file work-v4.cif (mmCIF, C-alpha atoms)
data_run
#
loop_
_atom_site.group_PDB
_atom_site.id
_atom_site.type_symbol
_atom_site.label_atom_id
_atom_site.label_comp_id
_atom_site.auth_asym_id
_atom_site.auth_seq_id
_atom_site.Cartn_x
_atom_site.Cartn_y
_atom_site.Cartn_z
ATOM 1 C CA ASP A 1 0.000 0.000 0.000
ATOM 2 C CA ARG A 2 1.816 3.086 -1.286
ATOM 3 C CA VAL A 3 -0.656 5.679 -2.620
ATOM 4 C CA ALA A 4 -1.887 7.970 0.171
ATOM 5 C CA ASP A 5 -5.542 7.155 -0.451
ATOM 6 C CA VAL A 6 -5.339 3.551 0.713
ATOM 7 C CA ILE A 7 -3.309 4.353 3.837
ATOM 8 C CA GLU A 8 -5.793 7.007 4.973
ATOM 9 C CA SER A 9 -8.854 4.994 3.918
ATOM 10 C CA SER A 10 -11.542 4.066 6.442
ATOM 11 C CA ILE A 11 -12.659 1.035 4.409
ATOM 12 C CA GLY A 12 -12.750 -2.172 6.432
ATOM 13 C CA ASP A 13 -13.674 -0.693 9.824
ATOM 14 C CA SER A 14 -16.052 -3.316 11.222
ATOM 15 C CA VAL A 15 -16.517 -1.801 14.699
ATOM 16 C CA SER A 16 -19.904 -0.223 15.436
ATOM 17 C CA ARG A 17 -19.807 3.302 16.832
ATOM 18 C CA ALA A 18 -22.508 3.601 19.497
ATOM 19 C CA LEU A 19 -23.718 7.022 20.614
ATOM 20 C CA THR A 20 -25.359 5.646 23.774
ATOM 21 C CA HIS A 21 -24.708 3.073 26.485
ATOM 22 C CA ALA A 22 -26.759 1.166 29.045
ATOM 23 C CA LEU A 23 -26.668 2.007 32.749
ATOM 24 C CA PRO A 24 -27.890 0.181 35.867
ATOM 25 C CA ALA A 25 -31.405 1.208 36.912
ATOM 26 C CA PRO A 26 -33.061 -1.108 39.445
ATOM 27 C CA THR A 27 -35.501 1.501 40.780
ATOM 28 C CA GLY A 28 -37.198 4.681 39.650
ATOM 29 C CA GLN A 29 -35.307 7.954 39.739
ATOM 30 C CA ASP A 30 -35.480 10.187 42.809
ATOM 31 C CA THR A 31 -36.665 13.798 43.004
ATOM 32 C CA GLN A 32 -34.516 16.568 44.484
ATOM 33 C CA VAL A 33 -35.341 19.903 46.102
ATOM 34 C CA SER A 34 -35.870 22.841 43.748
ATOM 35 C CA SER A 35 -36.682 26.510 44.288
ATOM 36 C CA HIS A 36 -37.889 29.462 42.225
ATOM 37 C CA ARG A 37 -35.924 30.821 39.276
ATOM 38 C CA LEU A 38 -36.106 34.247 37.603
ATOM 39 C CA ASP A 39 -33.504 34.467 34.836
ATOM 40 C CA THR A 40 -33.010 35.205 31.142
ATOM 41 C CA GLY A 41 -31.462 32.736 28.712
ATOM 42 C CA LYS A 42 -32.476 29.477 30.437
ATOM 43 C CA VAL A 43 -35.727 28.029 29.079
ATOM 44 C CA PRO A 44 -36.212 24.340 29.987
ATOM 45 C CA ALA A 45 -39.892 24.561 29.021
ATOM 46 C CA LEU A 46 -39.405 25.693 25.418
ATOM 47 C CA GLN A 47 -38.717 22.715 23.150
ATOM 48 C CA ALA A 48 -38.398 21.919 19.437
ATOM 49 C CA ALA A 49 -40.199 18.717 18.441
ATOM 50 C CA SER B 1 -48.047 18.884 90.629
ATOM 51 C CA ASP B 2 -50.018 16.443 88.488
ATOM 52 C CA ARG B 3 -53.269 18.265 89.304
ATOM 53 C CA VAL B 4 -52.483 21.719 87.876
ATOM 54 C CA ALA B 5 -51.562 22.062 84.209
ATOM 55 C CA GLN B 6 -51.203 24.605 81.414
ATOM 56 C CA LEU B 7 -51.366 24.016 77.658
ATOM 57 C CA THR B 8 -49.908 26.661 75.337
ATOM 58 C CA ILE B 9 -49.901 26.306 71.546
ATOM 59 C CA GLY B 10 -50.226 29.152 69.065
ATOM 60 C CA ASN B 11 -51.930 32.205 70.552
ATOM 61 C CA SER B 12 -54.266 30.272 72.893
ATOM 62 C CA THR B 13 -53.861 29.017 76.465
ATOM 63 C CA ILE B 14 -55.757 26.609 78.729
ATOM 64 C CA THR B 15 -55.408 26.509 82.526
ATOM 65 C CA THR B 16 -56.818 23.792 84.781
ATOM 66 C CA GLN B 17 -56.530 23.024 88.495
ATOM 67 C CA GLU B 18 -58.091 19.538 88.564
ATOM 68 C CA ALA B 19 -56.445 17.110 86.149
ATOM 69 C CA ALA B 20 -55.392 13.466 85.896
ATOM 70 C CA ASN B 21 -52.239 13.682 83.739
ATOM 71 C CA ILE B 22 -52.024 13.718 79.924
ATOM 72 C CA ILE B 23 -52.476 10.617 77.764
ATOM 73 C CA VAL B 24 -50.209 10.342 74.717
ATOM 74 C CA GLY B 25 -52.013 7.982 72.357
ATOM 75 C CA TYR B 26 -50.136 4.800 71.407
ATOM 76 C CA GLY B 27 -46.975 6.224 72.988
ATOM 77 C CA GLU B 28 -46.189 8.448 70.007
ATOM 78 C CA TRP B 29 -46.031 12.191 69.339
ATOM 79 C CA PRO B 30 -47.197 13.966 66.170
ATOM 80 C CA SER B 31 -44.481 14.601 63.597
ATOM 81 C CA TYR B 32 -43.948 15.495 59.951
ATOM 82 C CA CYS B 33 -43.664 13.077 57.042
ATOM 83 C CA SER B 34 -40.197 11.829 56.132
ATOM 84 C CA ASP B 35 -38.686 11.603 52.658
ATOM 85 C CA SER B 36 -38.857 7.795 52.620
ATOM 86 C CA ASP B 37 -42.586 7.798 53.408
ATOM 87 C CA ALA B 38 -43.547 10.683 51.106
ATOM 88 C CA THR B 39 -44.841 9.984 47.598
ATOM 89 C CA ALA B 40 -45.950 13.311 46.095
ATOM 90 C CA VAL B 41 -43.326 15.519 44.469
ATOM 91 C CA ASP B 42 -44.627 19.036 45.118
ATOM 92 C CA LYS B 43 -43.471 20.625 48.336
ATOM 93 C CA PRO B 44 -46.151 20.967 51.033
ATOM 94 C CA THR B 45 -47.081 24.119 52.930
ATOM 95 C CA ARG B 46 -46.775 24.487 56.702
ATOM 96 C CA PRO B 47 -48.634 27.622 57.883
ATOM 97 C CA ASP B 48 -47.709 26.810 61.534
ATOM 98 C CA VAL B 49 -49.138 29.282 64.086
ATOM 99 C CA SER B 50 -52.243 30.143 62.061
ATOM 100 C CA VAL B 51 -53.650 26.589 62.110
ATOM 101 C CA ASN B 52 -52.134 24.915 65.211
ATOM 102 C CA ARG B 53 -54.208 26.540 67.952
ATOM 103 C CA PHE B 54 -57.150 25.678 70.177
ATOM 104 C CA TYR B 55 -60.700 25.723 68.785
ATOM 105 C CA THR B 56 -63.934 25.343 70.766
ATOM 106 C CA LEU B 57 -66.884 23.779 68.945
ATOM 107 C CA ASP B 58 -70.033 23.875 71.089
ATOM 108 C CA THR B 59 -71.605 23.301 74.505
ATOM 109 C CA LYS B 60 -73.740 20.247 75.288
ATOM 110 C CA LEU B 61 -75.932 19.821 78.359
ATOM 111 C CA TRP B 62 -75.633 16.766 80.613
ATOM 112 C CA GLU B 63 -79.006 15.483 81.837
ATOM 113 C CA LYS B 64 -79.989 12.639 84.142
ATOM 114 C CA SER B 65 -81.122 10.631 81.087
ATOM 115 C CA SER B 66 -78.377 11.336 78.539
ATOM 116 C CA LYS B 67 -77.128 8.612 76.198
ATOM 117 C CA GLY B 68 -73.933 9.981 74.663
ATOM 118 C CA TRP B 69 -72.477 11.933 71.775
ATOM 119 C CA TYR B 70 -69.826 11.516 69.106
ATOM 120 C CA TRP B 71 -67.828 13.784 66.795
ATOM 121 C CA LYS B 72 -65.857 13.111 63.613
ATOM 122 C CA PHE B 73 -62.341 14.367 62.877
ATOM 123 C CA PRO B 74 -61.226 16.407 60.997
ATOM 124 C CA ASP B 75 -64.813 16.975 59.831
ATOM 125 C CA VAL B 76 -65.477 19.399 62.708
ATOM 126 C CA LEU B 77 -62.817 21.913 61.627
ATOM 127 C CA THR B 78 -63.431 21.953 57.861
ATOM 128 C CA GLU B 79 -65.437 25.195 58.207
ATOM 129 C CA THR B 80 -63.495 27.061 60.921
ATOM 130 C CA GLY B 81 -60.852 29.650 60.136
ATOM 131 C CA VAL B 82 -57.546 29.282 58.352
ATOM 132 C CA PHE B 83 -57.500 25.524 58.962
ATOM 133 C CA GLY B 84 -60.823 25.176 57.156
ATOM 134 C CA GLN B 85 -59.721 27.414 54.291
ATOM 135 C CA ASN B 86 -56.474 25.472 53.841
ATOM 136 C CA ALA B 87 -58.281 22.126 54.070
ATOM 137 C CA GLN B 88 -60.810 23.107 51.403
ATOM 138 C CA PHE B 89 -58.211 24.738 49.128
ATOM 139 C CA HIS B 90 -55.792 21.784 49.005
ATOM 140 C CA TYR B 91 -56.201 18.130 48.053
ATOM 141 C CA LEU B 92 -53.921 16.343 50.548
ATOM 142 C CA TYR B 93 -54.002 16.577 54.337
ATOM 143 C CA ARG B 94 -52.129 15.365 57.412
ATOM 144 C CA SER B 95 -51.888 16.443 61.058
ATOM 145 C CA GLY B 96 -52.117 15.326 64.660
ATOM 146 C CA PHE B 97 -54.512 16.560 67.308
ATOM 147 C CA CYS B 98 -54.846 17.537 70.964
ATOM 148 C CA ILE B 99 -58.251 17.081 72.608
ATOM 149 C CA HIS B 100 -59.409 18.741 75.839
ATOM 150 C CA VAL B 101 -62.851 18.058 77.339
ATOM 151 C CA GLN B 102 -64.195 20.212 80.178
ATOM 152 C CA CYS B 103 -67.051 19.563 82.610
ATOM 153 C CA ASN B 104 -67.301 20.960 86.141
ATOM 154 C CA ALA B 105 -69.735 20.592 89.035
ATOM 155 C CA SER B 106 -69.828 20.982 92.824
ATOM 156 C CA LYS B 107 -68.769 18.700 95.688
ATOM 157 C CA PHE B 108 -72.346 17.415 96.087
ATOM 158 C CA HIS B 109 -72.798 16.216 92.482
ATOM 159 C CA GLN B 110 -71.852 12.758 91.237
ATOM 160 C CA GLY B 111 -71.319 11.140 87.860
ATOM 161 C CA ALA B 112 -68.784 9.698 85.465
ATOM 162 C CA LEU B 113 -67.943 9.980 81.762
ATOM 163 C CA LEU B 114 -65.859 7.898 79.360
ATOM 164 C CA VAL B 115 -63.908 9.854 76.731
ATOM 165 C CA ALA B 116 -62.364 7.621 74.069
ATOM 166 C CA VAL B 117 -60.867 7.913 70.582
ATOM 167 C CA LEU B 118 -61.688 5.192 68.040
ATOM 168 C CA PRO B 119 -59.959 5.209 64.625
ATOM 169 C CA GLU B 120 -62.157 4.467 61.603
ATOM 170 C CA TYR B 121 -65.427 4.570 63.541
ATOM 171 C CA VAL B 122 -67.870 3.264 60.936
ATOM 172 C CA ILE B 123 -71.568 3.699 61.748
ATOM 173 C CA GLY B 124 -74.138 0.991 61.059
ATOM 174 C CA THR B 125 -77.922 0.954 60.915
ATOM 175 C CA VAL B 126 -80.626 -1.047 62.672
ATOM 176 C CA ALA B 127 -81.356 -2.768 59.338
ATOM 177 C CA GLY B 128 -85.050 -1.954 59.591
ATOM 178 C CA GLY B 129 -85.318 -3.706 62.960
ATOM 179 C CA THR B 130 -85.497 -7.221 61.497
ATOM 180 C CA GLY B 131 -82.201 -7.442 59.595
ATOM 181 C CA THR B 132 -84.043 -7.737 56.266
ATOM 182 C CA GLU B 133 -83.503 -4.235 54.817
ATOM 183 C CA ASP B 134 -79.989 -3.367 53.611
ATOM 184 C CA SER B 135 -80.078 0.330 54.452
ATOM 185 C CA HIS B 136 -77.214 2.772 54.977
ATOM 186 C CA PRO B 137 -77.019 5.738 57.356
ATOM 187 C CA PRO B 138 -77.665 9.188 55.869
ATOM 188 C CA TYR B 139 -74.894 11.726 55.424
ATOM 189 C CA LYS B 140 -76.144 13.542 58.533
ATOM 190 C CA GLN B 141 -75.298 10.614 60.819
ATOM 191 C CA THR B 142 -71.966 9.710 59.206
ATOM 192 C CA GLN B 143 -70.515 13.250 59.242
ATOM 193 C CA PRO B 144 -72.627 15.347 61.637
ATOM 194 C CA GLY B 145 -70.376 18.412 61.430
ATOM 195 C CA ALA B 146 -69.352 20.534 64.407
ATOM 196 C CA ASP B 147 -72.674 19.981 66.205
ATOM 197 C CA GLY B 148 -72.057 16.284 66.879
ATOM 198 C CA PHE B 149 -74.636 13.524 67.031
ATOM 199 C CA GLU B 150 -76.349 11.634 69.847
ATOM 200 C CA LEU B 151 -76.082 7.857 70.128
ATOM 201 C CA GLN B 152 -79.247 5.771 69.818
ATOM 202 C CA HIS B 153 -77.902 2.434 71.133
ATOM 203 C CA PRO B 154 -74.879 3.283 73.306
ATOM 204 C CA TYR B 155 -74.542 -0.333 74.476
ATOM 205 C CA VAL B 156 -73.500 -1.476 70.987
ATOM 206 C CA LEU B 157 -71.857 1.899 70.160
ATOM 207 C CA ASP B 158 -74.245 2.168 67.170
ATOM 208 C CA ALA B 159 -71.933 -0.225 65.302
ATOM 209 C CA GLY B 160 -72.435 -3.694 66.813
ATOM 210 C CA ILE B 161 -69.463 -3.687 69.210
ATOM 211 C CA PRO B 162 -69.570 -3.659 73.036
ATOM 212 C CA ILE B 163 -68.864 -0.490 74.979
ATOM 213 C CA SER B 164 -67.211 -2.435 77.822
ATOM 214 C CA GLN B 165 -64.140 -2.999 75.613
ATOM 215 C CA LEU B 166 -63.770 0.642 74.522
ATOM 216 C CA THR B 167 -60.982 1.093 77.091
ATOM 217 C CA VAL B 168 -58.573 -0.596 74.653
ATOM 218 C CA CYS B 169 -58.574 2.743 72.772
ATOM 219 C CA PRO B 170 -56.814 5.856 74.117
ATOM 220 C CA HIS B 171 -59.155 7.113 76.799
ATOM 221 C CA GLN B 172 -59.635 8.949 80.084
ATOM 222 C CA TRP B 173 -62.395 9.355 82.666
ATOM 223 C CA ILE B 174 -64.085 12.468 84.034
ATOM 224 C CA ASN B 175 -65.148 11.542 87.568
ATOM 225 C CA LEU B 176 -66.928 14.489 89.179
ATOM 226 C CA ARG B 177 -65.490 13.341 92.514
ATOM 227 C CA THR B 178 -61.865 13.501 91.315
ATOM 228 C CA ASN B 179 -61.261 15.656 88.219
ATOM 229 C CA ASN B 180 -63.047 17.922 85.748
ATOM 230 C CA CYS B 181 -61.043 17.604 82.509
ATOM 231 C CA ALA B 182 -59.529 15.034 80.157
ATOM 232 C CA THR B 183 -56.618 15.539 77.751
ATOM 233 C CA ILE B 184 -55.611 13.155 74.948
ATOM 234 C CA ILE B 185 -52.924 13.594 72.275
ATOM 235 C CA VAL B 186 -53.329 11.662 69.018
ATOM 236 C CA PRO B 187 -50.709 11.272 66.252
ATOM 237 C CA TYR B 188 -51.572 10.903 62.564
ATOM 238 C CA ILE B 189 -53.209 7.492 62.116
ATOM 239 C CA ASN B 190 -53.643 6.132 58.582
ATOM 240 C CA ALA B 191 -52.251 3.577 56.147
ATOM 241 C CA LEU B 192 -51.265 6.413 53.760
ATOM 242 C CA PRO B 193 -48.877 9.353 54.268
ATOM 243 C CA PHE B 194 -51.464 11.877 53.018
ATOM 244 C CA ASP B 195 -55.227 11.782 52.540
ATOM 245 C CA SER B 196 -58.208 13.964 51.653
ATOM 246 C CA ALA B 197 -59.836 15.966 54.444
ATOM 247 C CA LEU B 198 -63.246 16.089 52.723
ATOM 248 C CA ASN B 199 -63.743 12.379 51.937
ATOM 249 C CA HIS B 200 -62.035 10.576 54.836
ATOM 250 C CA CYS B 201 -62.404 10.827 58.616
ATOM 251 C CA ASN B 202 -59.449 9.575 60.639
ATOM 252 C CA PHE B 203 -61.189 8.832 63.949
ATOM 253 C CA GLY B 204 -64.061 9.773 66.224
ATOM 254 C CA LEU B 205 -64.480 11.112 69.744
ATOM 255 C CA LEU B 206 -66.968 9.453 72.105
ATOM 256 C CA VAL B 207 -68.398 10.890 75.334
ATOM 257 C CA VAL B 208 -70.691 8.404 77.095
ATOM 258 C CA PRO B 209 -71.975 8.752 80.701
ATOM 259 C CA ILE B 210 -71.396 5.349 82.283
ATOM 260 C CA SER B 211 -72.560 6.445 85.751
ATOM 261 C CA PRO B 212 -75.616 8.732 85.635
ATOM 262 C CA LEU B 213 -75.628 12.282 86.941
ATOM 263 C CA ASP B 214 -77.315 12.891 90.289
ATOM 264 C CA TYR B 215 -77.874 15.780 92.696
ATOM 265 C CA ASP B 216 -80.370 16.999 95.269
ATOM 266 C CA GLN B 217 -83.060 19.531 94.418
ATOM 267 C CA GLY B 218 -81.811 23.072 95.055
ATOM 268 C CA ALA B 219 -78.379 22.698 93.467
ATOM 269 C CA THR B 220 -77.529 23.914 89.981
ATOM 270 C CA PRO B 221 -79.288 21.647 87.438
ATOM 271 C CA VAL B 222 -77.346 22.785 84.335
ATOM 272 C CA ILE B 223 -74.090 20.866 83.821
ATOM 273 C CA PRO B 224 -72.523 21.745 80.445
ATOM 274 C CA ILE B 225 -69.848 19.866 78.500
ATOM 275 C CA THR B 226 -67.438 21.737 76.210
ATOM 276 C CA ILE B 227 -64.953 20.390 73.645
ATOM 277 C CA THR B 228 -61.668 22.119 72.764
ATOM 278 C CA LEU B 229 -59.181 20.840 70.181
ATOM 279 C CA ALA B 230 -56.016 21.949 68.385
ATOM 280 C CA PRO B 231 -54.277 20.526 65.295
ATOM 281 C CA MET B 232 -50.608 19.611 65.602
ATOM 282 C CA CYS B 233 -48.031 19.428 62.785
ATOM 283 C CA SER B 234 -50.438 20.233 59.957
ATOM 284 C CA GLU B 235 -49.410 19.790 56.315
ATOM 285 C CA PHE B 236 -51.200 20.567 53.049
ATOM 286 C CA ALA B 237 -50.381 19.857 49.407
ATOM 287 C CA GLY B 238 -52.132 19.855 46.041
ATOM 288 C CA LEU B 239 -53.305 23.448 45.646
ATOM 289 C CA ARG B 240 -56.360 24.037 43.444
ATOM 290 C CA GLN B 241 -59.692 25.867 43.545
ATOM 291 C CA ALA B 242 -61.782 25.989 46.725
ATOM 292 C CA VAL B 243 -64.375 23.205 46.969
ATOM 293 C CA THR B 244 -66.746 22.959 49.939
ATOM 294 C CA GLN B 245 -68.816 19.818 49.311
#

call {"tool": "encode", "arguments": {"input": "work-v4.cif", "output": "structure tokens"}}
result
Amino acid sequence: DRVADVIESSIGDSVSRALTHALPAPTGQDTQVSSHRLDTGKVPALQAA
Amino acid sequence: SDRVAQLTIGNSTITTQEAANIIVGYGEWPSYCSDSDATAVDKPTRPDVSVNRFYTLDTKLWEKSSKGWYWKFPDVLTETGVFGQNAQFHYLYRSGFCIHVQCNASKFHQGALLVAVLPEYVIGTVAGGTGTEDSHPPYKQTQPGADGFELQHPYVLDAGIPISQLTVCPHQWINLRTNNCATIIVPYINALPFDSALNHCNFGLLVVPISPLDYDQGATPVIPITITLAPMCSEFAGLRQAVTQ
């Protein structure tokens, strides 16, 4: 392999790239203490479906 | 020392000079719900001094031929003050209670009363007198309000159970020879951490004269009975509109 198209090639990569992974979860998630918020720039409610 | 007592909670005070100690029901004090027991996510409200204070409901006259009376909790306080407003504005409710019953006479009168607290005091009917009719008591008898209701068959406690075993419940006596008041402290009793104050009644208060009143002609013939109570460690959650029914 001499030409610098075969050396740099990604052909033959058989490993699957996974964006996510599994985590232990035996019980439901807890709920923590929260207070009031009055700020600009943070909008958890506004979404984009 | 054990005869004189003072009870101070909120902006109200009670003083007595003839007492027979204080009963703490089931050996437990009222307290707030812990994180392990709690299920709802929203934080509750604890108005404190505005709801934990003494309330007096009404005065009932003791006659030579009285049967007895009973009240339902917290149904008595659902229309009285800030406690009533909070109870009818929220969905969930929890609290303890402190009950004080007063009745005084002279040194020439005699009598005796049994003051007991029975959780989940369900009321039955006489089934038409023959056991053939499957009737149910009206809403007036089940939840009489702050005026109470008078027993018809005190021997069976209007529910088919003997009165002679009512001492298994937290109780005191008012013997006109010895004392003139009874104090009982009740924690929150339920199989759930929170419950509705408009659909469920936690317990009931019974006042039954076991030994009849007697006196000679010329003495005062009017012997009243007064009930005073105060919530302890009240909690509310589930804010919404105000519903009364």

call {"tool": "interface_residues", "arguments": {"input": "work-v4.cif", "of": "chain B", "to": "chain A", "cutoff": "10 Å", "atoms": "all atoms listed in the file", "output": "count of residues only"}}
result
4

call {"tool": "resolve_selection", "arguments": {"input": "work-v4.cif", "expression": "the PyMOL selection byres ((chain B and resi 198-211) around 7)", "output": "list in words"}}
result
residues 67, 68, 69, 70, 71, 72, 73, 74, 75, 111, 112, 113, 114, 115, 116, 117, 118, 119, 120, 121, 189, 196, 197, 212 and 213 of chain B

call {"tool": "atom_distance", "arguments": {"input": "work-v4.cif", "atom1": "atom CA of residue B:124", "atom2": "atom CA of residue B:158"}}
result
6.2 Å

call {"tool": "atom_distance", "arguments": {"input": "work-v4.cif", "atom1": "atom CA of residue B:15", "atom2": "atom CA of residue B:148"}}
result
25.0 Å

call {"tool": "resolve_selection", "arguments": {"input": "work-v4.cif", "expression": "the PyMOL selection byres ((chain B and resi 214) around 12)", "output": "number ranges by chain"}}
result
B: 62-66, 105-112, 176, 209, 211-213, 215-217, 219-223

call {"tool": "atom_distance", "arguments": {"input": "work-v4.cif", "atom1": "atom CA of residue B:145", "atom2": "atom CA of residue B:169"}}
result
22.7 Å

call {"tool": "resolve_selection", "arguments": {"input": "work-v4.cif", "expression": "the PyMOL selection byres ((chain B and resi 24) around 7)", "output": "list in words"}}
result
residues 22, 23, 25, 26, 27, 28, 184, 185 and 186 of chain B

call {"tool": "decode", "arguments": {"input": "work-v4.cif", "residues": "stretch 22-61 of chain B", "atoms": "C-alpha atoms", "output": "PDB file, in the first residue's frame"}}
result
ATOM      1  CA  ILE B  22     -52.024  13.718  79.924  1.00  0.00           C
ATOM      2  CA  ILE B  23     -52.476  10.617  77.764  1.00  0.00           C
ATOM      3  CA  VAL B  24     -50.209  10.342  74.717  1.00  0.00           C
ATOM      4  CA  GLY B  25     -52.013   7.982  72.357  1.00  0.00           C
ATOM      5  CA  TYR B  26     -50.136   4.800  71.407  1.00  0.00           C
ATOM      6  CA  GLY B  27     -46.975   6.224  72.988  1.00  0.00           C
ATOM      7  CA  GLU B  28     -46.189   8.448  70.007  1.00  0.00           C
ATOM      8  CA  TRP B  29     -46.031  12.191  69.339  1.00  0.00           C
ATOM      9  CA  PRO B  30     -47.197  13.966  66.170  1.00  0.00           C
ATOM     10  CA  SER B  31     -44.481  14.601  63.597  1.00  0.00           C
ATOM     11  CA  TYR B  32     -43.948  15.495  59.951  1.00  0.00           C
ATOM     12  CA  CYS B  33     -43.664  13.077  57.042  1.00  0.00           C
ATOM     13  CA  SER B  34     -40.197  11.829  56.132  1.00  0.00           C
ATOM     14  CA  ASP B  35     -38.686  11.603  52.658  1.00  0.00           C
ATOM     15  CA  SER B  36     -38.857   7.795  52.620  1.00  0.00           C
ATOM     16  CA  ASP B  37     -42.586   7.798  53.408  1.00  0.00           C
ATOM     17  CA  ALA B  38     -43.547  10.683  51.106  1.00  0.00           C
ATOM     18  CA  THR B  39     -44.841   9.984  47.598  1.00  0.00           C
ATOM     19  CA  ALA B  40     -45.950  13.311  46.095  1.00  0.00           C
ATOM     20  CA  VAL B  41     -43.326  15.519  44.469  1.00  0.00           C
ATOM     21  CA  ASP B  42     -44.627  19.036  45.118  1.00  0.00           C
ATOM     22  CA  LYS B  43     -43.471  20.625  48.336  1.00  0.00           C
ATOM     23  CA  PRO B  44     -46.151  20.967  51.033  1.00  0.00           C
ATOM     24  CA  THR B  45     -47.081  24.119  52.930  1.00  0.00           C
ATOM     25  CA  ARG B  46     -46.775  24.487  56.702  1.00  0.00           C
ATOM     26  CA  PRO B  47     -48.634  27.622  57.883  1.00  0.00           C
ATOM     27  CA  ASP B  48     -47.709  26.810  61.534  1.00  0.00           C
ATOM     28  CA  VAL B  49     -49.138  29.282  64.086  1.00  0.00           C
ATOM     29  CA  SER B  50     -52.243  30.143  62.061  1.00  0.00           C
ATOM     30  CA  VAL B  51     -53.650  26.589  62.110  1.00  0.00           C
ATOM     31  CA  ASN B  52     -52.134  24.915  65.211  1.00  0.00           C
ATOM     32  CA  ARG B  53     -54.208  26.540  67.952  1.00  0.00           C
ATOM     33  CA  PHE B  54     -57.150  25.678  70.177  1.00  0.00           C
ATOM     34  CA  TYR B  55     -60.700  25.723  68.785  1.00  0.00           C
ATOM     35  CA  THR B  56     -63.934  25.343  70.766  1.00  0.00           C
ATOM     36  CA  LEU B  57     -66.884  23.779  68.945  1.00  0.00           C
ATOM     37  CA  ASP B  58     -70.033  23.875  71.089  1.00  0.00           C
ATOM     38  CA  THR B  59     -71.605  23.301  74.505  1.00  0.00           C
ATOM     39  CA  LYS B  60     -73.740  20.247  75.288  1.00  0.00           C
ATOM     40  CA  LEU B  61     -75.932  19.821  78.359  1.00  0.00           C
TER      41      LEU B  61
END
